[PDB]
Structure formats: structure tokens, C-alpha cells
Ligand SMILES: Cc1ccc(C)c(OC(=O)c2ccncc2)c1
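Given as C-alpha cells, the chain that follows is alone and in the form solved without this ligand.
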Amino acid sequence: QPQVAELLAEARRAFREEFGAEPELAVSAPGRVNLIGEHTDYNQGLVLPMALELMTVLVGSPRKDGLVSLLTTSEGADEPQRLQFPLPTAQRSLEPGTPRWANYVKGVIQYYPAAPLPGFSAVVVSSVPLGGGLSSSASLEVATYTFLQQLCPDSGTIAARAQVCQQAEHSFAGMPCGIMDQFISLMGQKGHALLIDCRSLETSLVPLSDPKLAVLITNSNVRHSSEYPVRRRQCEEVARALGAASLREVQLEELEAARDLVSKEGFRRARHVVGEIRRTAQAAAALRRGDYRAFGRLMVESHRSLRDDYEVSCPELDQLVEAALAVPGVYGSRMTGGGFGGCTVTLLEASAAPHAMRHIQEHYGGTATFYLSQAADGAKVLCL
């Protein structure tokens, strides 16, 4: 996978060809994979993501124009890959429009809490596959936010940055996500997974640094997204039915006692959340002591839960997981992200990765892409 220096150079060449000068500021923000703890973040639960070596790099310079001039080199983006617009004012504010990819940067600008924000020129380069479930969106948003910090440093907390980037995805991209993706992109540490408590936003670094251990990401290359807001609504319905603020304050037994207060579908939805939250806490402890096969088994429980109770999996994802579990050296595997496509995360012995890639691909009714990634750092400034 491409490294920051190679990407930074690509962004510099493109900025030169496009604007005639060298960029003055450089910034990067990684993608992410969730090892376990799915569909718990908007339930104030626990998550265990790690930052990927896949990355977004932004280079640029301030302008006197009050204008924003943007260029992205990613081919999978909505055309046109270039866009320019004036800075928002108290009079007129930015508006979500076309091209779609620029809405992510527009939103971060609109909700940035510091002033005065100058105009700027910038080019975007990325090794994060757009729409593949590794949070290219969050990578883009956090990169933009980190870039704006160079033009106009902010005062508030890191959590505010995550919430600023999340607000943008809500209002300008129309996707009501949780804080997880933005948070891991901001808070990742290389050679570590990040156990995130989405109620208190307290953070715990769980070491992930074993040359014998590999994390295999498999993209199903499918994306069937309209049920995510439906699941979010169901969980809230069950929390009200039980007189609770969120499903995090609910454990299985209390859910069992109140079975008749919620719908049958609602009960299965809540059962995943309550069970995933505990599975996540168990996986963090298992990972601290190096119990990889225990962690792998918790990964498979998560997948079963996501497949049957939460119903956000799909045949492609299910087929990928089973093939992965047939390969020797695999500790566990499951879908990651929202579901209905996207990627599969697999914990396995590093030596088994080549064979795992061959076996998974051969038993998959479709084209599969693979990324072998280590735990990486979060957003950072790059000195040019």
C-alpha cells in the first residue's frame, strides 16, 4: 500500500500542475476498519476500530480571494473532479450541491468553529477506496478539518472536531452516521487499536503490534444504505419502550423481561446491540493479553449477530466470511461497517495471508479486493 511520502509527492505534483506554485500546507488523515463493535456507536456503545494505512492527503495554500479552489485526483469521485466556490458568509451559507464529493469539504468549512477562515487552494489525493466501507468520507472530512486548522487554528476539544465532521456528513451528505469513523480517523495510534466508549468518549489504546498477526480486509465490491436510518430508529424505539436513554443502559436480561413491550423485530435489533457492547469489551481484554483465537471467536459471534438479529449482512458478505474461516491460520472474520456490502475484516497469521487471499477469492461469486494493513496514526500535519 502507498505510503505518505509517495502520496504527498503525488499531491505536490498535481498541485503544481493545477495552480502553478508549490503548496504551502500539507495534511493527512487515514481510513479505518472496525475490528468489532458494529452498529453500537449511535447506541452509545463500544467500538474497537484501528486506523488503516490507507490515507487521504491534502496539500494547499491560503488565498486572498475568499474563494475555495479544489481538485481531487480520485477517479471514482462524482464529476467534475474540480470545483471552486466562495467562502460562506453570515449572509449566504454554503449549500449541499454538485458535485457530490465536494459536499464533504463544503460541510466541514460551513461548520468550522474558528474565524477568520481564508480562502484556499487544495488538491486531494487518497489511497482509501471511495464507497468501500473504509470511511473515505471520514478520511476526507478529517483531512479537511485538519487542513483548516492550519489556516485558522481552533480552540475546542478533539471531540468537537469529530462532531463537526459528523455534522457535515449529516447535513451536507445526508448520511446520519455515528461518531466512530471520524473519531478513529482523528485519534488512531500506529500499532494500536482504539477502544472507544461512545457514551463518555473516553478512549483506550489497545496494542496491535505482532509481526505474526495480520489484519486482512476484503472488499466485496458491492454496496446495495437506506436501512441504516431504519435500524437507528428501531433502537431508539426500544430504548423508549424500556424507559431507557439508550440501549447501552440495557442488558440482555432486562430486554428479556420486557420482551412484550417491544416488537419482535425490535427485540432482535436490541439483542445485537446489548450483546455487541459486551462482546466488544471482551475483545479489548482478549486483545490486551494476546488471546487471538478468543478474539477471532468473538469476531464470528459478531458476524452471526449482525447476520441474524440485526440483518445488515448480505450473501456476498456471508460468503466471504465462511471462506475466510475455512482457511487455516484464520482466527476470525466478520463484516465491517454499516453492512449490505462493503468489506470483511479477518484476523489471521501473517503467513496465511497469501493463501487466505487465494482461498477467499476462489470461493467468492464476485471480484474481491484485498488490503493487508497495520494499525496507523490518526490525522496529522505534514511539514512541506
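Residues that one form lacks are left out of the comparison. Between two forms, the rigid core is defined as the largest C-alpha subset superposing within 1.5 Å. All residue numbers refer to positions in the sequence shown, first residue = 1.
Below: the form solved in complex with this ligand, not depicted.
This ligand in the bound PDB entry comes within 4.5 Å of a heavy atom belonging to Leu347. Contact annotation: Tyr292 falls within 4.5 Å of this ligand in the bound PDB entry, judged by heavy atom distances.
Taking the partner from the other structure, this ligand in the bound PDB entry has a heavy atom within 4.5 Å of a heavy atom of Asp210. Using a 4.5 Å cutoff between non-hydrogen atoms, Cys314 does not count as a contact of this ligand in the bound PDB entry.
Contact with this ligand in the bound PDB entry, judged by any heavy atom within 4.5 Å, is made by just one of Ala258, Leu83, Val300, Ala214: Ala214. Contact annotation: of the candidates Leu287, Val274, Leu194, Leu148, the single residue with a non-hydrogen atom within 4.5 angstroms of this ligand in the bound PDB entry is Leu287. Only one segment in the set 202 to 210, 114 to 122, 261 to 269, 85 to 93 has residues whose heavy atoms sit within 4.5 Å of this ligand in the bound PDB entry; it is 202 to 210. After superposition on the rigid core, the segments of 3 or more consecutive residues displaced by 2 Å or more at every C-alpha between the shown form and the other one are found at 1 to 6, 209 to 211.
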